[PDB]
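A short worksheet on the structure shown next.
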Amino acid sequence: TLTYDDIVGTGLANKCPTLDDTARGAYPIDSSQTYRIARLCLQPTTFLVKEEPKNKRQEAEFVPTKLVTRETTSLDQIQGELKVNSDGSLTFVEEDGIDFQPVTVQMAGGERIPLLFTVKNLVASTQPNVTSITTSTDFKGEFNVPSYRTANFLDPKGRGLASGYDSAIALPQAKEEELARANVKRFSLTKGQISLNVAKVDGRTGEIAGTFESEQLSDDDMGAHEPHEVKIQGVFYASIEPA
Amino acid sequence: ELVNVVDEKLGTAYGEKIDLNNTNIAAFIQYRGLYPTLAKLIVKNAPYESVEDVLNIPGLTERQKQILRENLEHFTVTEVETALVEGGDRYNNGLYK
Amino acid sequence: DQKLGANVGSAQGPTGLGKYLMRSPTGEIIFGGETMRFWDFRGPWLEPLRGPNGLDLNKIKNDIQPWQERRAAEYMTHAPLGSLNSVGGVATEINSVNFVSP
Amino acid sequence: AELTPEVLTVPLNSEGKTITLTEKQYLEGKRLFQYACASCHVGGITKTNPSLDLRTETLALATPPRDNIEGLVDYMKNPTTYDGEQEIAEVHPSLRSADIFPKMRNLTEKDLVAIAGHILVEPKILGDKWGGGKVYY
Amino acid sequence: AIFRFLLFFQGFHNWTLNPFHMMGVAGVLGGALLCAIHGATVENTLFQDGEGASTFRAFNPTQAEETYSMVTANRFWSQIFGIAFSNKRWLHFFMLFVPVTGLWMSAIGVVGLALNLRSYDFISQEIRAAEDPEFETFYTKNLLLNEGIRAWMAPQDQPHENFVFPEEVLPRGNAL
Amino acid sequence: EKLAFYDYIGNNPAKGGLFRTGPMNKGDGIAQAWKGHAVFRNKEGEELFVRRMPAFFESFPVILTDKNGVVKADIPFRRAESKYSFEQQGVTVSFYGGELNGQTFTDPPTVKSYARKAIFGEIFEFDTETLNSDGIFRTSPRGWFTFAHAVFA
Amino acid sequence: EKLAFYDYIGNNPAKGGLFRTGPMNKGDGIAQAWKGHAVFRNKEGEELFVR
Amino acid sequence: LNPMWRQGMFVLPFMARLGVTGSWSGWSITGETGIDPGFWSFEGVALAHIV
Amino acid sequence: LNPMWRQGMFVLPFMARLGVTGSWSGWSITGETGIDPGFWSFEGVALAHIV
Amino acid sequence: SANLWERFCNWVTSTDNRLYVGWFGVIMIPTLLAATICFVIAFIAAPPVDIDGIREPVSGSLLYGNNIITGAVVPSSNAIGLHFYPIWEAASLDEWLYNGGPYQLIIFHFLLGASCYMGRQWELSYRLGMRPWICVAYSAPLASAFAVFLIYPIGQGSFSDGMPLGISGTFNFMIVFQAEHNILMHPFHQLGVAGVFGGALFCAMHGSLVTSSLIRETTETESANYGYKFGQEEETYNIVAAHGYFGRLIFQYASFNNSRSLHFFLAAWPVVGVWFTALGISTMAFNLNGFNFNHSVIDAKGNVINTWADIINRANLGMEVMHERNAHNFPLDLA
Ligand code: CLA
Ligand code: CLA
Ligand code: CLA
Ligand SMILES: C=Cc1c(C)c2cc3nc(c4c5[nH]c(cc6nc(cc1[nH]2)C(C)=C6CC)c(C)c5C(=O)[C@@H]4C(=O)OC)[C@@H](CCC(=O)OC/C=C(\C)CCC[C@H](C)CCC[C@H](C)CCCC(C)C)[C@@H]3C
Ligand SMILES: CCCCCCCCCCCCCCCC(=O)OC[C@H](CO[C@H]1O[C@H](CS(=O)(=O)O)[C@@H](O)[C@H](O)[C@H]1O)OC(=O)CCCCCCCCCCCCCCC
Ligand SMILES: [Ca+2]
Ligand SMILES: [Cl-]
Ligand SMILES: [Fe+2]
């Protein structure tokens, strides 16, 4: 174990815990004993942004991006119950935790793509009949992606949703129909997809690890422009305990 | 068409009475004995399909249910508005003195 | 706010950054707001809440001690802000509290 | 335009009975208010909890009623939450916690009454200012 | 009462953004530089006309030779700054020109403020800021400061208007 | 119409800017018609009045008061605790004489729109297309003559 | 698409004018997409060709 | 609704203040028609000064 | 559909003909991403000449 | 070769150079060149910077929609605070430009160079056999750059609160400063304008008096400046005639007759005045602000009788209340 001072500034704090190459066993499920996740953690490795195919529909792919912010990406301290289902499957239901981190990435052009990387209200599920959690025991489910900026946020000219100006006060006698979209703030709310695939188990201490892949939309800036589709790949760590 | 959900909400029951599904917690201070204990329970306990559903909060003492019945006339209920509920704004919407 | 039933860990501020808790540039869990610049602060009252990765959400959730709350309140209300004529507070404050931090 | 004893007449208890303070008490209260309150309650607000002010109306809708000498005085000894369903003397200055809040050790019952009187007299003088914050400065 | 006159012109006229004012400060600030630099230059290029350290007594009130080395002063600034005077007659006229010209430019700006013909905004900037909610400059920031100044000051600064601004109509940021 | 046109702040020489070049029409646009006098009322039927803009102010808030000057309605900045929002007060607007003569509007956006306009005095219909106006007030020849001759002098 | 784009007279350098300044996009505009090959036919079904 | 002082006219008003209120093309400042300004029209005035 | 020669680029192609086909900002003439042009990007070349 | 290093030292120290590269110059010249080059490139082409660390990038460069007046180099992020942020501390330059990397590189290099520039103003004076202290006069404008670029950020705990490198950006720094500190009501500031006003005043005073009492050596249709030759023995103006006039404007003993006492005063006043104004910013860097006379004078009942100080406070609140919109989450601005 390492103290706080043994981590500070090293960037290690933005790293989900890891298992050794040994720990590749299996953790058993009583199915008559409630289980929960004491700590889920998600660490991003890559941020992919699906590019707009221009007018020419030609099918679009995801493109790598540079992380313009710094090591503030990781999600940690996630918790909730891991209820066992009738069909012998497992479904995780998140309760609370650092379930979101605002990330901003750049592209080829130089365009900054801000997103709210999150897993709020996660409901991941596994395969039916899973007496023991083995290596690669896929977790899949949805989560909620709330607006990047919240109600109180004001744009550089003072306009906002829950507060702020009603219009473009700098152009007192201008036609307003054109400015409509920029004056009227909208609060976006959408769904997301994620799949946590195990790679390392440890039946002894009951802690699994592996990699994840999630998809969601980026910031629409209070509904001023269209959001970008984002793909996020990384690693995760879960601490399973009876409780 | 584009509309400001918060300003539109002010044309409903919200903006006239304490909305049990949206209105921020600090609003319960304007009525006797509602704020600390009870308002927490109200807000924490999900939305409600009707004003009366607040009396069904599990754990409520006989006195708490009495107080609630008294202030029911000051309550209403509308669709949960994300703009007003997201970000924990019901516990702190960034407003102070 | 936590006593009012707010989940500080997942609370989203106006900028979408973290009303109460956020991350330092190297990943450590720190206090949110303009106070992000003072994430280098260490102090007896605050340390028992700190973990190996910074502020622990579990200790924050149920290990907060009363002496810490009123300590925070004390130091909060005695910031080194004042006027030449010794009027504690921001330049826009009203006369009442005669104080300027030593 | 002066501090008449007409202004210094504030409600003593819940049963309508009133008390008339003196210019000595007021000043004394005002001084003691700076000594032990101003720190968090400057100009009738509450820095560490802006949701609750020292407005007489706010004190009236308190539980128990704290919009009188008696209400306030009890509070300064055994402070509670706005609904009164919880004692907060551990994180709030009071007589039963003078070991924790040294400023309250000196304070004697006269001092308590003076302070209480001050809280009830200020809004009579300042008005909206006493309650509101920077808006009314 | 003069300080508010400053804050007023900022809030209402955006006086700092006025080209005529900028020339103003340039003259005053530049004039206060000439004052400093020339005085210091002279005192530290002086000839020795006495045997004491306090060289003040060692000055001849009845003209004759130059009390300080103009030639040395020249080569100095020519090597540290690259440019240097070499005509006391021009140097001193320059000391007249700079602060007098500045004050005059600042005057013209004020004459325009009388008709409220201010240098408040940049149209190209506002048009983009309206269409684009992510466009932000230090210019845009300042105007928001002005809005706050106008709203919060006007009531007690212009009593004759009987202003009444509800708390809810007062422009405010978050928390503050 | 002419008489009404004078009661519009967009013809006030004290409005404008030093580098806001061109005619006044590059500002609010070429005036086409008088939309008409706007009368504001609330649910109780009480007639409200829009507080006009002082020349000093580049921007001014929308506030409605009755005859006695009591604030009855407004357009809030922070909605969180608004007491006088047009929605809460059921503010409506009616027009008499002119383009909008005899018509009434009750939908909050539209009502707030004209209320936002009444700040400037009598509401008019402008042609912004032609000269490609920017919606920013410019001073009259009266303003410019005064400025030049005051400086020159 | 790229191959089809070369078979468009708006990329022929022999088109244009001496004082027709700017890029080729100031002319026909920024190419967004290939509308596709147009096949012309008449009532009898005969396929026609544009000169 | 669209008088001279709305169209940024600076010299035009000074010509109208002292009599000249018509044009050779037929129109007039007051807004009348069929009027005959004679030679001393806005055009006339402009002409003279040039000479 | 929108290459350099449509955007009135005159100097850019001569830099691409001899190797420099990338920018410090990440993009590239061929249309690839993640590439590392090193120092000798369009910016670099421009930089050099100015010096 | 008499000895390479010995020659090198003789060249550096050489007073026969067009520009005196001193020993301080060995540090100055490179540092000033990095500062300027980085500045010029940034001001023109740098991308928007998240100054307040709230993921709200502020564009301040020409190519990104600014002009000279609005354009600026944006201070480093508030997420960085007082941390050292060189290029080699960023995963990429894209990241470095986003967190306001250039700003530190500039201010540090400038302040370093501008200090050596003061050091050189001594050296050359030493090499030429003239008295020092010219550099002491330059310590006042330098101490201001230090206060505005370094001392205040240190005090406030972040370089993001340092004065931006731009026109309008400079205006923001002032307006906000006034709000948080009430600088107009601070003695040290008032001494500053006194020095600056008096400076411009005395600059015009001395300038005019001298140029007005010039000995005639020029034609009626010939520039009066030609009546002076570079490297004169005697004076070009009648200082006794100058004193005679100014001595009658006010009264004799309130007039200078000693050129040396004159030029000392000409130098002392603004330098001293600016010194205090620099100390003002450095003092209010630790939140020892100007006089707070809010709600001071009250009537016999207790009603608050307003003064101009209160009218100032209203203006200040508005600045306070509106600045850094989305940066605050809590009631008190202790940052
Ligand atoms: C870098 C900072 C800076 C600087 C150097 C300046 C510089 C200037 N400003 Mg300024 N300003 C600034 C920032 C700055 N500004 C900011 C940030 C604001 C806020 C928006 C303003 C707002 C502002 C306003 C509102 C005005 C100025 C004006 C001026 C100019 C005139 C000052 C002067 O000489 O008064 C001297 C004034 C006189 C009237 C001189 C006559 C005085 C008599 C002769 C003295 C008699 C004394 C008597 C004998 C003694 C008895 C007194 C007794 C107490 C003993 C000057 C060019 C003024 C201007 O442009 O005027 C044209 C003006 O009105 N400024
Ligand atoms: C002083 C007399 C005067 C006045 C009051 C006007 C008034 C007007 N003119 Mg006009 N004009 C004049 C003389 C005048 N004119 C002259 C002499 C010419 C011939 C060149 C013109 C040519 C002209 C044209 C071609 C047009 C107008 C238009 C207009 C109208 C729009 C106003 C405008 O754009 O202002 C703009 C004012 C400014 C931009 C102010 C400039 C101030 C400068 C920048 C200050 C310079 C400071 C200096 C450099 C500092 C250095 C000193 C330092 C070294 C000490 C307005 C009615 C327009 C019109 O008809 O409207 C429909 C129009 O299109 N004018
Ligand atoms: C000869 C070399 C050359 C060539 C082939 C090009 C080619 C191009 N340039 Mg370019 N350019 C060049 C040199 C060159 N440039 C130089 C040296 C500069 C610096 C000033 C520029 C600055 C520049 C800019 C700023 C822009 C271009 C653009 C363009 C593109 C548009 C073409 C255009 O507008 O043509 C227009 C051609 C003409 C109008 C022909 C003018 C011929 C004159 C009028 C003849 C003069 C006759 C003379 C007066 C007779 C007197 C003699 C008599 C007394 C005997 C094109 C790819 C544009 C671009 O990037 O596209 C998107 C653009 O915006 N150029
Ligand atoms: C605010 C700054 C400032 C002040 C206070 C100031 C003051 C003075 N400058 C004078 C001179 C000058 N000033 C000059 C250039 C400059 N002066 C500048 C800035 C200033 N100069 C600047 C920036 C320049 C460069 C352009 C020159 C070139 C001269 C002189 O020749 C002259 C002098 O002799 O220098 C020593 C003196 C004129 C005496 C006089 O007329 O009394 C007689 C008239 C009186 C007493 C009536 C004045 C009444 C005034 C208009 C109203 C004041 C109202 C209250 C009484 C004052 C208090 C109000 C304040 C609190 C705001 C006086 C001491
Ligand atoms: C990372 C490390 C980088 C290393 C850089 C590579 C080495 C430096 C190469 C320099 C090449 C450029 C030569 C410049 C010539 C010149 O300056 O004058 C030429 C003169 C002539 O002397 C000189 O010239 C004489 C030869 S000759 O006369 O020029 O032929 C010579 O004999 C004598 O020794 C010499 O003094 O040189 C000098 O007077 C010495 C001072 C030079 C000052 C340097 C610039 C100062 C900048 C200050 C900061 C400014 C901030 C930004 C300003 C916008
Ligand atoms: Ca895109
Ligand atoms: Cl700001
Ligand atoms: Fe001199």
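Swiss-Prot numbering applies to chain E: residues 177-352, in that order.
This deposition comes from X-ray crystallography, 5.9 Å.
Placement of Cβ uses the backbone N, Cα and C atoms for every residue, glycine included.
As written in Swiss-Prot, here are the features:
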- E:194-217: transmembrane segment (TRANSMEM)
- E:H197: chlorophyll a PD2 binding site (BINDING)
- E:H214, E:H268: Fe cation binding site (BINDING)
- E:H214, E:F261: plastoquinone binding site (BINDING)
- E:218-265: topological domain 'Cytoplasmic' (TOPO_DOM)
- E:266-288: transmembrane segment (TRANSMEM)
- E:289-352: topological domain 'Lumenal' (TOPO_DOM)
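What Swiss-Prot annotates, mapped onto the structure for a quick look.
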residue: E:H197; record: chlorophyll a PD2 binding site; DSSP (3 states): helix
residue: E:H214; record: Fe cation binding site; DSSP (3 states): helix
residue: E:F261; record: plastoquinone binding site; DSSP (3 states): coil
residue: E:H268; record: Fe cation binding site; DSSP (3 states): helix
E:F261 (plastoquinone binding site) and E:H268 (Fe cation binding site), distance between Cα atoms, whole Å: 10
Distance from E:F261 (plastoquinone binding site) back to E:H197 (chlorophyll a PD2 binding site), taken between C-alpha atoms, in Å: 28
Packing count at the residue listed as 'chlorophyll a PD2 binding site' (other Cβ atoms within 10 Å of its Cβ): 22
Residue counts (helix, strand, coil, in that order) that DSSP gives for the topological domain 'Lumenal' (E:289-352): 37 helix, 1 strand, 26 coil
Binding-site residues near chain J, Cβ-Cβ under 8 Å, from E:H197, E:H214, E:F261, E:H268: E:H214, E:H268
Length of the line joining the Cα atoms of E:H214 (Fe cation binding site) and E:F261 (plastoquinone binding site), in Å: 10
